[PDB]
Amino acid sequence: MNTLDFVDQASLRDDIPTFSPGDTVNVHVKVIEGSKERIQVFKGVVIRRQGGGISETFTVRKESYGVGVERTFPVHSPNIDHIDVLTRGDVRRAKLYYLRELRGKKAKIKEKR
Amino acid sequence: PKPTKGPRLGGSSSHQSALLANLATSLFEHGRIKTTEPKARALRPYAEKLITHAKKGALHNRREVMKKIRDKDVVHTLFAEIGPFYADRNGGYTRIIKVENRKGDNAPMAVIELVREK
Amino acid sequence: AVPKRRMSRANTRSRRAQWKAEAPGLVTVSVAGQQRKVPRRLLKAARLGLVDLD
Amino acid sequence: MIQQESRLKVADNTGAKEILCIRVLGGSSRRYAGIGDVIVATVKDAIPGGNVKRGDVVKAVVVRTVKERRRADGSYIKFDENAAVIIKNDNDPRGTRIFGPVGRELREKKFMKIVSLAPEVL
Amino acid sequence: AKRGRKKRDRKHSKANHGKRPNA
Amino acid sequence: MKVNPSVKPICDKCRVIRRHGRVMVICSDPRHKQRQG
Amino acid sequence: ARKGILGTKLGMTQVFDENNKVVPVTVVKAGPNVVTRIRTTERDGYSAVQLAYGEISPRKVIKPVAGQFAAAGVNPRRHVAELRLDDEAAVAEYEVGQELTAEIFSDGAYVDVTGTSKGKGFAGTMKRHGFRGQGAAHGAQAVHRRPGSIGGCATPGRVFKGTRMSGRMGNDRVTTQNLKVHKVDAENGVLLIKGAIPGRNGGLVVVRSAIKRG
RNA sequence: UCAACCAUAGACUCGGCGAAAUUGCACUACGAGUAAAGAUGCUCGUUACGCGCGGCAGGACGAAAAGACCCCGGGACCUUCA
RNA sequence: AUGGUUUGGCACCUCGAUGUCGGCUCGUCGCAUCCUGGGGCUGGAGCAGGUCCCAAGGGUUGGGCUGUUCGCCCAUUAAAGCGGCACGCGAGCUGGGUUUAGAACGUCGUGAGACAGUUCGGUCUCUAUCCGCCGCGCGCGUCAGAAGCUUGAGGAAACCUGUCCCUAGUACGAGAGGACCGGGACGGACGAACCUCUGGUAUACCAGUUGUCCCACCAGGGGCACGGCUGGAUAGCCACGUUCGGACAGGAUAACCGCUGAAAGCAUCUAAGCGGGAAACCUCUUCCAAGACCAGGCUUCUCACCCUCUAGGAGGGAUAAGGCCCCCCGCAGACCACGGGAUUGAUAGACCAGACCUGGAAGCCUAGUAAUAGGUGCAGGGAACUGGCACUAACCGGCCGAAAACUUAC
């Protein structure tokens, strides 16, 4: 419980799928380019799911054209059309910052079977 | 628990942990102990949480106690005739009683004791 | 640093008076029948018997 | 978060491999260059055969920052290298290609040619 | 300078009678 | 305007006056405008 | 006009606007305030409204305060405070016993929030006045955070009043100006105000209309 | 850049013991002046309820060391075709 | 002629000690204004300038070389001001230089040794008494004692500015080029508050893990090694973060533009009068503030007893309203103060639940020779955040604390 839960529950988004760090996802983020709303897919590994409630952020990492990229979205942001989980990851940590120094097969999360 | 805001009791976090362990050991061994007011104030949550572990009688709780106590006789006492004694009690296992100050340092003193009213 | 001059008696005493003691406020307690005076801080422990009343 | 004596990679094919910032433009005693912020730099490393050579003073635009930059939507964007594009005075690149992704802030800071040339604009 | 000027012009007073020490 | 301690006429049209405690010189030719200062 | 109200700060949070842009807000429990006295020029020399806020037991009230609230004709509250106005035409709206809620404001209004800053205790000149300290190396003998010079020399021979020195920071009245209310919530009786508010959570504040921006 | 945080020893508070350099005095303000030419102490004004605690170090030309630089006087040691 | 910042002259305080250059920190002042602001003249078409006047509110970058100040240079900038304050500031720092003792080069000197010549190296002491300054309390006073809310004399703070767009490629101009005025957006720097985000930190959080010792042993754990190290990390503190701010408007003015107008039949911004006019000034914004000794104001509460002196003026006691101390506490805090609470109670702790952090406990089972893995099981552990619960502790309580009247008017 918190003291502002009654304020946050309004903006609290349903349809947020249950995911966790290590889980690979596709975030369909709304992108505006000069009076033109489209959707960009940030496909990447969740390294982090900080926070609670409306303030909850999740950080998704990918390697685009030979460069690491991380997007820290709010979980209940309405700029996110949806989040499509693809693979769940077997990780022994809650925050996969060690991927920031790993490029390639070293940065391949163990899929959950 | 709510950690020590200020400087720790024994000039070190280590010596604070050791103090609290030894003082809880003594408190469960003897029922009451006289020490300084701050040491008692800090011990009361420590000891009450160990007693909570003792009320929740199970091996996990016994080991979570033994990682602080290290006196097996006191651990047994906790899990045999303290925890059960306080099964009906929802907290409030200890009371602090302010007493006369020392002479050599005028240190405020307090007797921290276990309650025995039920 | 050091004091430039001998402080006068007036000023010396003016602050030396501030080095005093606040006397403790006492209350009555009826342990062992007799009415003794203790601090309210120690009232409980005196009712119990943890207060050396000389 | 880029400042004087900060070394950046070059996300283009001018011949420069890395540069060193001198000034962040935007005002007086400007400290930090985020994405879309123009800088004055010098080429510290360059490929052997290149248009711009070692020691050439140039303008550049920052397109990747390690330090996460907020966005109005509450999101953030963070890369693993600080990288920039060398430009002319028309805010157009001196090179003809752009390596790696760039931030979307370039679109609002009017570096549309770089936005177009880049493979991914995030 | 101002200080010397003022101190000298002080001598132009009914009491000093146009003379003062160090003028 | 010229601001100098020596303000004086420059031509026959330049007239001298005392305005607001200041000696001014006025003229059709505004080049010849002057003020004491 | 400069309509206002007393409330309590509850904490900060996020919301999202129509553009999906994030708004850091502070939730202010702009609560049921009750008018307890009207200040007039014919009586007090100035135009103002005395408001009262905060539930309180009628036994924790000091009896003078009880008598004040009684002669007003209301039940006591914890905090009392005046809102200065500009004229009798502005004070004529407030009647004693009148109840003020968050609904006096409206979404998009600009407010000034007066609160009591958090206490930073006895602070050094760095934390208190943004002094650069001195070097942490290169010979510095024990001046790594010390203010350095304090005045001139003999010619001044003194330290000027108002010099910036170490001391207690915080617990000072702070008016943050031109905060845009993101939302009113009369059901809960609160205001979502874009951005920081002075004080701790649970701290009393005064949300007034912005004296600059309407 | 540009500093933030944590602990510890001090500093702070309580108890106990208990110094020091210094000291012409004293109920030791500020300005502009004046003055052995840089004033707490004088003049004209301004300001200031009395007493403490923690702090800072601009002044008390602060303490310390009868300035080592300079000069005068005297020594000492050194040099040399004195 | 100013000024007194340069080199100097004098040698007036200081040689029973006034520490020196430069830098760092902290500033403060002047304006002889670098920018911003206002304006006159122009050989001012416009952009941009030049020159002069008013203006000191704010701002006036970071680097390379050098001990350096200065200067040159690099990039920038709206601008990269000039000076004073013991060439501000060493009981605030440095100590690279100068300016001890060592050594060396060059030169001088027979030599010892010397050099506003160079070179390498080379102890920066002091517990703050007074003033002052920053903050915080105690006492008394403000004609009874108290309480709440306040006024605002008087002070403090803040005061910066660019780029782009439209106006308009219009005015102007052969063109090149290119506006004033006025609107709009986005910014830099500075500052305040805040911690929802991000990010840092986390010495009683979680996990892993090395070495070693111990809990008899396995298992599980603990002590120590910078919290042993690592990986993460809620609160709080905080900035790199968030938000906000500088205003608008008015008055009076400077330079300046003027009107009506004489003296002086004209003319004249002035002598009587009337106006306009700047980031300066006063107002405005924020903050402190009635010790504002004219010690304020609006209200509310108590608004009542005894004793002794010989009842004169007092003194002592007990009280009320109320407050203090003790007590539980705080995101309040050096102490003190402040704030809250105090059994007619959720103030703290415990407990319960949640949130959050960690990330899947122990035990048992299963698979595997084993290392280990999987299930039981968003497990277990756990601090600050929230909410519930009087279980513990806020006590069977002590100390302070209230009225001479008089005069006049109504």
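All values below were derived from every heavy atom in this structure, side-chain atoms included, with hydrogens, water molecules and symmetry-related copies excluded. Below, chains carry the letters A, B, ... as their sequence lines are ordered, and counting in each starts from 1.
Side-chain N/O atoms of D:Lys67 and base N/O atoms of I:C240 include a donor-acceptor pair closer than 3.5 Å. A donor and an acceptor atom never sit less than 3.5 Å apart when one is taken from the side chain of D:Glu68 and the other from the base of I:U198. For B:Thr52 against I:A350, no side-chain N or O and base N or O form a donor-acceptor pair under 3.5 Å.
Checked by atom type and distance alone, the side chain of B:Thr52 pairs as donor or acceptor with a backbone atom of B:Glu48 at under 3.5 Å.
When both pairing distances are held under 3.5 Å, H:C42 makes a Watson-Crick or G-U pair with H:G33. As the counterpart of I:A311, no nucleotide is assigned, since no Watson-Crick or G-U wobble pattern has both distances under 3.5 Å. The partner of I:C224, taking Watson-Crick or G-U wobble pairs whose two distances both stay under 3.5 Å, is I:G211. Pairing of I:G339, defined by two Watson-Crick or G-U wobble distances under 3.5 Å, is identified with I:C329.
Of the listed nucleotides (I:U270, I:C194, I:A394), I:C194 has the atom at the smallest distance from the side chain of G:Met12. Distance from the side chain of F:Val3 is smallest to I:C53 among I:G132, I:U198, I:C53.
Among the protein residues, B:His53 comes within range of the sugar-phosphate backbone only, with heavy atoms under 4.0 Å from sugar or phosphate atoms but none that close to a base.
The phosphate of I:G341 has OP1 or OP2 within less than 4.0 Å of a side-chain N or O from G:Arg78.
Between I:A314 and I:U308 there is a base pair of the Watson-Crick or G-U wobble kind, both donor-acceptor distances falling below 3.5 Å. A canonical Watson-Crick pair (purine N1 to pyrimidine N3 plus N6-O4 or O6-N4) or a G-U wobble (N1-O2 and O6-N3), each contact under 3.5 Å, is absent between I:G43 and I:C244. Under a 3.5 Å limit on both donor-acceptor distances, the bases of I:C34 and I:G16 fail the Watson-Crick or G-U wobble criterion.
Applying the 90° criterion around 0 to the glycosidic angle, H:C49 comes out anti.
None of D:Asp37, D:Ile39, D:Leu25 except one satisfies the side-chain contact (heavy atoms from CB on, under 4.5 Å) rule with D:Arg30; the exception is D:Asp37.
Rounded to whole Å, the P atom of I:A146 lies 9 Å from the corresponding atom of I:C140. Straight-line distance between the P atoms of I:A56 and I:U69: roughly 32 Å, to the nearest whole Å.
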Is there a side-chain contact (heavy atoms from CB on, under 4.5 Å) between B:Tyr46 and B:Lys68? Walk through the geometry before answering.
CA-CA 10 Å; B:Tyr46 202 81; B:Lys68 276 169 192 183; 3.2 Å; yes
